[PDB]
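One-letter residues, chain by chain:
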There are 4 protein chains.
Amino acid sequence: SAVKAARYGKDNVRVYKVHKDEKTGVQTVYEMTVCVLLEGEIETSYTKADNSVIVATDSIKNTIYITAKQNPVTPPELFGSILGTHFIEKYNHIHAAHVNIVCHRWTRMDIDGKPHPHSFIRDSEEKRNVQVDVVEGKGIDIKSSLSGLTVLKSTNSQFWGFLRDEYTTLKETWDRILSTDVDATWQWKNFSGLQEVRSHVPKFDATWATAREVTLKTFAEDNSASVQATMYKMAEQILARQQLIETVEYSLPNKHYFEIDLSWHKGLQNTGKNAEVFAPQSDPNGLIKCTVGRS
Amino acid sequence: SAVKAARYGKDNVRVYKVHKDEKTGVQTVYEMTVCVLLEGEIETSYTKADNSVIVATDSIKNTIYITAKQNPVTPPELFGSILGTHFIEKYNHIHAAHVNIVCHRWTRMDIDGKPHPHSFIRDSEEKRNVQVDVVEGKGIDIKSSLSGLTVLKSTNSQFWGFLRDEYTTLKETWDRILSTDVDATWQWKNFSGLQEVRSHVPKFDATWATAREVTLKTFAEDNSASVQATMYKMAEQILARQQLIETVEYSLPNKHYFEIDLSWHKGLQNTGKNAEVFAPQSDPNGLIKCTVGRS
Amino acid sequence: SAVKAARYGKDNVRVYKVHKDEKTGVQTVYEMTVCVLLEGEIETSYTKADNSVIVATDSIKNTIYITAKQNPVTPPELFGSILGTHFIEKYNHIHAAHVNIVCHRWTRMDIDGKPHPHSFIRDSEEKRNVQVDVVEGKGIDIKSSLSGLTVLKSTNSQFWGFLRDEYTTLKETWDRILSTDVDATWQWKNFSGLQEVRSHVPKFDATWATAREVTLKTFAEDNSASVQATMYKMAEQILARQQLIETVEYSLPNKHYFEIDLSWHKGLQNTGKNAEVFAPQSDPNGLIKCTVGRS
Amino acid sequence: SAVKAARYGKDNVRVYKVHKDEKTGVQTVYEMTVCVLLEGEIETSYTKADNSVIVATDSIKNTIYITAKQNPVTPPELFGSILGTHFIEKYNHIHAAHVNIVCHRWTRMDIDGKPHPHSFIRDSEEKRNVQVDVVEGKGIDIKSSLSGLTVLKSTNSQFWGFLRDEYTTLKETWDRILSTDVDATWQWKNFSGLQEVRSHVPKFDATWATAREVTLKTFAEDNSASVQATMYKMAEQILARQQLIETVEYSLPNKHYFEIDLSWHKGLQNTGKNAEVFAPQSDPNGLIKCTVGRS
Ligand SMILES: NC(=O)NC1=NC(=O)NC1=O
Ligand SMILES: NC(=O)NC1=NC(=O)NC1=O
Ligand SMILES: NC(=O)NC1=NC(=O)NC1=O
Ligand SMILES: NC(=O)NC1=NC(=O)NC1=O
């Protein structure tokens, strides 16, 4: 038999970093979870029990901490590029590094209208993520994303005009609840290496911010024809506002809220325009995906 | 053998309610998860296969929706009291109702600095909870709580002066990270029944707010001697600000962030005053509990 | 204000122990998760910032490992008693120790019909648990339990004869699916101390085994009138087979499987006696509890 | 902008099916969770608000139940092929169907050494999975897998001979614990369509069984040089025993169990050959992947 593909590394490496301003006394914290997987001339560790080609995953973990000690950890797109570049420059037989980072929220607390210098709150479970692929002789590919952004609108969602055949029982509607957990990814144009990534550093936070804002405002303002239609609108705007983005992908569940017919009880009216109490459904859920690119 | 205790009901009943202002066009949503357990003269369902004494848990679920249709669902302390009172008044053989409610966050979105009329965000996984016990001839006992409030301060926590013996390896410190997930419960004085609960309705939201504020400000401002000392300070204030509270209980994990010694690598200095990169620990964790009452 | 109650300690302490038979070469492993909470004359750590009364939770963790090194870790009822007794004997101001243990399954693998000497499988997520309360001058109270035992029977469950009023929509049935996750606790008579617990050591594993067997056989053989009726039958048997048990408690969800009406499609018959495809419901669920004691 | 890729459907569709033998009275149950995502000429639902091209995800759900009513649901490789073929044959504009199925364990109980006719136990959280891609004019691609198989061996694992540089702190060892959660996937040769899949039906369960057996026996018997080496051995055997398999992929975490140095306490010896108590580590973990194909 033959090794067709192989990668190995360390997952679930939790990292905290604090930045302390002597001058102001203000502290700023960063917490992430890191995955690093390596590819290279390592097939003999699998086939021949040759561990000489293995950079121990324990050493990978060490490297993550040391790199965080010696470099900025923000924006995550920069830190991931620095970490992956290290592995391929450092080891002659390692030719690709795959770095995934999840950035956890630590939002500064405001106490008495004043931001506190060293106290933070996890204000949501929403994440900011990066996937960075560093490949010898092919540059640095970065996919940035937000995930875990949970939203609901209580009206101004519609779904009518869909295919109707003998498998269909769903009624057309002109007014429903729409709720989802947003997963949005923007894929950057290939970068030639670290210098190029460093030259674009301000764009990373700005674009994350823009993707978030557009996502929020479009969801809230669109009188949605369907999940499909609304998510296309978000993707189009982001592409229009950042030219270094090649594609935008969205993955949106439809988390259903069902009406409850209470007419069996004292003629109680709780459907259609009288609908006030609903049953949120844990499963199943619609799942709608789109990848939008440039024309 | 003999039935010493028995309760039965329905758990994990998810409920959504929307309120719509004709006038303004503003919509407001509520989402909760409800548990209702009943006690009474029901032992023969266990011992004799007598189902006649059983109010089907399916009917309990129905009752939850109908009650939500016909009554306010906020504050949860009121809605739980109304729901539990129903069961004991309605069924002659049911003498206690236990209602647990978890209130989920749906915070109105602000778009362009303007609050949106019908779009919401789950801005955190923090919950507002109530436990309501309705007991025939003994009134209504309510425990209110907040849970899932996750915080961190990066300095102004200490821990020195603890017992040292042959089981001790922990070093005293005058500067550490302190992070926790706050669970805080305030127990109301017994209420005689629904009228009394309705007369105090404005106090429920106000007290939740106060408990939250005090928790936040004390955590941020206290130069903490230990988790014990800091949580006592929070409990004392809440009791001072709401006289209808008999006790306050706190349950606080200590989620450890460990220093990482990097001196083995190029003499890198990452401990004590040079500590910048830390390893968050998933387990084990300290767990500190306090119940504070009136003197 | 005043401290009404206080306890503190360490949670989520994971422990592995291996036992190695020189003679046979057979190895046996144990893995548990331990919680230890202490009570005593410790109020001044809360009120006065007096850490001198605090046995650091870090030291508690150390103590757990050392105790496991020097004593048997099985049965968990014995190990918990030894651990809690340590704290109250060792520290003059500590008067109660609360030890919770979760025992994780590592079942020996059989390879080629032969049990392997050192390879194991987590054959299920079912747990064996103990809660041990060690109180100065009041002995040792032990509650043993099994949890996470998930079962289903596809027929020979009934539910008819329940209360019917204007909140009822559930139809009586003489044939349904019954599925649950078993939580069963047996509470031992108070023990005077460690000697007494050691004298009963063989009974702990035997009784766990009996509780499991009875639970399984009764669920499978009872033509169940309801969850109530069936669980009473299990509790009664266990009490009959172990006299040192004072009470048995069961907590059983009813995890509903709903019929699906497919008659709207080509007159397809999938209800009642033609019911073949069902929709498992994630929520809500019935919840039925019983505590059975001696007459 | 332009739609580069699009798929939509229904996720988390839970399904139960029972099979009842009139003759024997024996019942057999199946429970799965189904995801179906469709691709086709559906871009205008995204760009033009044209819902006419949309087969409602609600109808997809209906279709899953109806198909399960009218066809075998086992082996999952067959049921997935039947379901995906339906969508592409039925709808002219739908050209690919992606079906993912998770098969949940319901193992027949043995009571008194006799298998029970209608009672089952979830004997483990291990899953059997399939991914089936049905593409108009390109046949049926099936990936089969097992996941959630958690194992541990307490000796006969080694790790020495790895790369050592200034990032390395890990000590070589000739005796350690090895624990993992097995994820193994076998990819079938492309099938031309349903007839071909039906002709190979007996091979699906047999191969799942073989992959399981080989995985178990190799883990238990290999004096492992590393995770890499051991997993290569498993993949090679499976390929040798089933010729219709093109590739085998394994994804194996290394769930670390750390020694604990107790020498600081009364010279207690708990390392190296005296190692008896270990601390299981929740994170980070090694992650090792391999795809093995034919030479
Ligand atoms: N995964 C292995 O086989 N050995 C590993 N354990 C470590 O700590 N580093 C490795 O690379
Ligand atoms: N729990 C039972 O035994 N029967 C129950 N199922 C329901 O739907 N209502 C009950 O009370
Ligand atoms: N919980 C605290 O305030 N300090 C604690 N951290 C520890 O490691 N031991 C304690 O008791
Ligand atoms: N996802 C949507 O926009 N509408 C959907 N809801 C459904 O129930 N079926 C759909 O396709």
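Residues numbered from 1 in each chain as written, not as in the entry; some residues may be left out. Chains lettered and ligands numbered in written order. Heavy atoms only, no water.

Regarding how it was determined, this PDB entry cites X-ray crystallography in its header, along with a resolution of 1.76 Å.

Under the PDB entry, the name given to chain A is Uricase, and the source organism is Aspergillus flavus. For this structure, the PDB entry title reads "Urate oxidase from aspergillus flavus complexed with allantoin". Comment text from UniProt for chain A, heading Sequence similarities, reads "Belongs to the uricase family." (UniProt positions renumbered as here; feature names shortened; annotations may be inferred.)

Draft legend 1. Structural detail: the interface of chain D and chain A. Across the contact, 68 residues belong to chain D and 68 residues belong to chain A. Of the roughly 5700 Å² buried where chain D meets chain A, counting both sides, 56% is carbon and sulfur surface. Taken as a group, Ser 1, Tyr 46 and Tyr 167 of chain D account for 13% of the area that chain D buries against chain A, more than any other trio of residues on that side. There are two salt bridges connecting chain D and chain A. Here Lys 90 of chain D and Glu 166 of chain A are joined by a salt bridge, their closest N and O atoms 2.5 Å apart. Counting across the chain D and chain A interface gives 42 residue pairs in polar contact. Counting only elements with at least two residues in the side of chain D that touches chain A, the list comes to strand 1 (2–20), helix 1 (43–47), helix 2 (57–70), helix 3 (76–90), helix 6 (227–241) and strand 12 (285–293) of chain D. Looking at the side of chain D that touches chain A, the element that brings in the most residues is strand 1 of chain D, giving 13 residues. Considering only residue class, the side of chain D that touches chain A consists of 30 nonpolar, 25 polar and 13 charged. Relative to strand 12 of chain D, strand 1 (residues 2–20) of chain A is paired through nine bridges, and the arrangement is antiparallel. Among the inter-strand pairings, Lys 10 of chain A is bridged to a residue of strand 12 of chain D, identified as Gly 286 of chain D. (Contact = heavy atoms within 4.5 Å. Buried area = accessible area lost by both parts, 1.4 Å probe. Salt bridge = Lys/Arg side-chain N within 4 Å of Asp/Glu carboxyl O. Polar contact = N/O pair within 3.5 Å; in protein donor to acceptor, adjacent residues only side chain to side chain. Helix = DSSP H or I, 4+ residues; strand = E, 2+ residues; numbered from the N terminus. Nonpolar A, V, L, I, M, F, W, Y, C, P; charged D, E, K, R; others polar. Pairing = 2+ DSSP bridges.)

Draft legend 2. Seen up close, the pattern of salt bridges. Throughout the structure, instances matching the rule amount to 76 salt bridges over all chains. Of the charged contacts, one joins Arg 212 of chain C and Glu 126 of chain C as a salt bridge, the two residues approaching to 2.9 Å between their closest N and O atoms. Of this pair, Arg 212 of chain C sits in helix 5 (residues 201–221) while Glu 126 of chain C sits in the loop between strand 5 (114–121) and strand 6 (127–135), and the two are 86 residues apart along the sequence. Shared partners join several salt bridges into a network, and the residues in it are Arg 105, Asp 123, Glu 126 and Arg 212 of chain A.

Draft legend 3. Main features of the pairing of strand 12 (residues 285–293) of chain A. All names here are of chain A. Within strand 12, eight of the nine residues are buried, which leaves it mostly tucked inside the rest of the structure. Examined bridge by bridge, strand 9 (residues 245–254) and strand 12 share eight bridges and lie antiparallel to one another. Its bridge partner lying in strand 12, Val 248 is registered against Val 292. (Buried < 20%, exposed > 50% of the residue type's maximum accessible area, 1.4 Å probe, protein only.)

Draft legend 4. Spotlight on the relation of the copies chain D and chain A. By a simple turn and slide, chain D fits onto chain A: the slide is 0.0 Å along the axis, the RMSD is 0.0 Å, and the turn is 180°. As the rotation angle and translation indicate, the two copies are arranged about a two-fold axis. Most of the interface of chain D is mirrored in chain A, where 100% of its interface residues again form contacts. (Least-squares fit on C-alpha atoms.)

Draft legend 5. Inspection of the site of ligand 4 at higher detail. Near ligand 4 the following residues occur: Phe 159, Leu 170, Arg 176, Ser 226, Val 227, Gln 228, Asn 254, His 256 and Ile 288 of chain A together with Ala 56, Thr 57 and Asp 58 of chain D. Chains contributing residues near ligand 4 are chains A and D. Interatomic distance of 3.0 Å between a side-chain N/O atom of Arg 176 of chain A and an oxygen atom of ligand 4. In this structure, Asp 58 of chain D approaches ligand 4 through a main-chain N or O atom, which is 3.4 Å from a nitrogen atom. For ligand 4, the accessible surface in isolation is 300 Å², of which the surrounding protein chains cover 96%. Counting only elements with at least two residues in the shell around ligand 4, the list comes to helix 6 (227–241) of chain A together with helix 2 of chain D. (Near = heavy atom within 4 Å. Areas by Shrake-Rupley, 256 points an atom, 1.4 Å probe, with all protein chains shown as cover.)

Draft legend 6. Seen up close, the interface of chain D and chain B. If you look at the interface, chain D gives nine residues, while chain B gives nine residues. Roughly 730 Å² is buried in total at the junction of chain D and chain B, and carbon and sulfur atoms are behind 53% of that figure. Viewed at the interface, chain B and chain D are joined by zero salt bridges. The tally of links from chain D across to chain B stands at four residue pairs in polar contact. Class assignment for the residues of the side of chain D that touches chain B results in two nonpolar, four polar and three charged.

Draft legend 7. Layout of helix 5 (residues 201–221) of chain D. Its 21 residues place the ends of helix 5 of chain D 31 Å apart at the C-alpha level, agreeing with the 30 Å of an ideal helix rising 1.5 Å per residue. Those residues of helix 5 of chain D that sit buried are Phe 204, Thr 207, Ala 211, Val 214, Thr 215, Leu 216, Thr 218, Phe 219 and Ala 220 of chain D. (Expected span 1.5 Å × (residues − 1).)

Draft legend 8. Inspection of the relation of the copies chain D and chain B at higher detail. For the pair chain D and chain B, the superposition axis carries a translation of 0.0 Å, the fit reaches an RMSD of 0.0 Å, and the rotation angle comes to 180°. Both copies share a contact surface, since 100% of the interface residues of chain D are interface residues in chain B too.

Draft legend 9. Fine view of the packing of aromatic side chains. Per the stated rule, a full pass over the model turns up 28 aromatic pairs over all chains. On the numbers, 5.0 Å between centres and 80° between planes, the contact of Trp 188 of chain A with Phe 204 of chain A is edge-to-face. With a gap of 16 residues between them, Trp 188 of chain A in strand 8 (residues 178–188) and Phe 204 of chain A in helix 5 (residues 201–221) connect regions that are remote in the sequence. Per residue, the accessibility class of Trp 188 of chain A equals that of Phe 204 of chain A, and both read buried. Centre to centre, the rings of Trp 160 of chain B and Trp 174 of chain B are 5.9 Å apart; their planes meet at 15°, and the pair counts as stacked. Taken as a pair, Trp 160 of chain B in the loop between strand 7 (139–153) and strand 8 (178–188) and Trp 174 of chain B in the loop between strand 7 and strand 8 lie far apart in primary sequence, 14 residues in all. For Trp 174 of chain B, a relative accessible area of 52% puts it in the exposed group. One aromatic cluster is present, formed by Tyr 16 of chain A together with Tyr 257 and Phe 278 of chain B through successive ring pairs. Over the aromatic face of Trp 106 of chain D sits the side chain of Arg 122 of chain D, whose NZ or CZ is 4.3 Å from the ring centroid. Over the aromatic face of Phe 219 of chain D sits the side chain of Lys 153 of chain D, whose NZ or CZ is 5.7 Å from the ring centroid. (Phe/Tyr/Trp six-rings, centres within 6.5 Å; stacked < 30°, edge-to-face > 60°. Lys NZ or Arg CZ within 6 Å of the ring centre and 35° of its normal.)

Draft legend 10. Structural detail: the packing of helix 2 (residues 57–70) of chain A against helix 3 (residues 76–90) of chain A. All names here are of chain A. Interaxial distance between helix 2 and helix 3 falls to 11 Å at its minimum, and their mutual angle equals 130°. For the element pair helix 2 / helix 3, the angle class is oblique. At the point where helix 2 passes helix 3, the crossing takes the right-handed sense. Residues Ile 60, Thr 63, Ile 64, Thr 67 and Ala 68 of helix 2 lie in contact with helix 3, whose contacting residues are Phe 79, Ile 82, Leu 83, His 86 and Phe 87. Residue composition of the contact of helix 2 with helix 3, grouped by class: seven nonpolar, three polar and no charged. (Axes fitted to C-alpha atoms, helices over the stretch in contact; angles between N-to-C directions. Parallel < 35°, antiparallel > 145°, perpendicular 65-115°, else oblique. Left-handed = near helix turned anticlockwise from the far one by under 90°.)

Draft legend 11. Just the pairing of strand 4 (residues 107–111) of chain B, in detail. All names here are of chain B. Sheet topology note: the strand 4/strand 5 (residues 114–121) ladder contains four bridges and is antiparallel. Counterpart to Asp 110 in the pairing with strand 5 is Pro 115. Hairpin connection between strand 4 and strand 5: a loop of two residues separates the two successive antiparallel strands, and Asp 112 in this loop has a positive phi of roughly 60°.

Draft legend 12. Local environment of the side chain of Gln 242 of chain C. Residue and element names in this part refer to chain C. Mapped onto the elements of the fold, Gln 242 is located in the loop between helix 6 (227–241) and strand 9 (245–254). For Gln 242, the side chain forms a polar contact with the side chain of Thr 207, separated by 3.3 Å. Within the local environment of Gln 242, its side chain forms a polar contact with the backbone nitrogen of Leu 244, the two atoms lying 3.1 Å apart. Setting aside residues no more than four positions away along its own chain, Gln 242 makes contact with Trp 188, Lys 203, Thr 207 and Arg 294.

Draft legend 13. Summary view of the site of ligand 1. Near ligand 1, the surroundings consist of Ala 56, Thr 57 and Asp 58 of chain A together with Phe 159, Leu 170, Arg 176, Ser 226, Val 227, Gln 228, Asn 254, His 256 and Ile 288 of chain D. One finds residues of chains A and D in close proximity to ligand 1. Contact between ligand 1 and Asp 58 of chain A: a nitrogen atom at 3.4 Å from a main-chain N or O atom of the residue. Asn 254 of chain D has a polar side-chain atom sitting 3.2 Å from a nitrogen atom of ligand 1. Contact with the protein chains hides 96% of the accessible area of ligand 1, taken as 290 Å² for the molecule alone. At the level of elements, helix 2 of chain A together with helix 6 of chain D are the ones that each hand at least two residues to the shell around ligand 1. Partitioned by chemical class, the residues of the shell around ligand 1 number five nonpolar, five polar and two charged.

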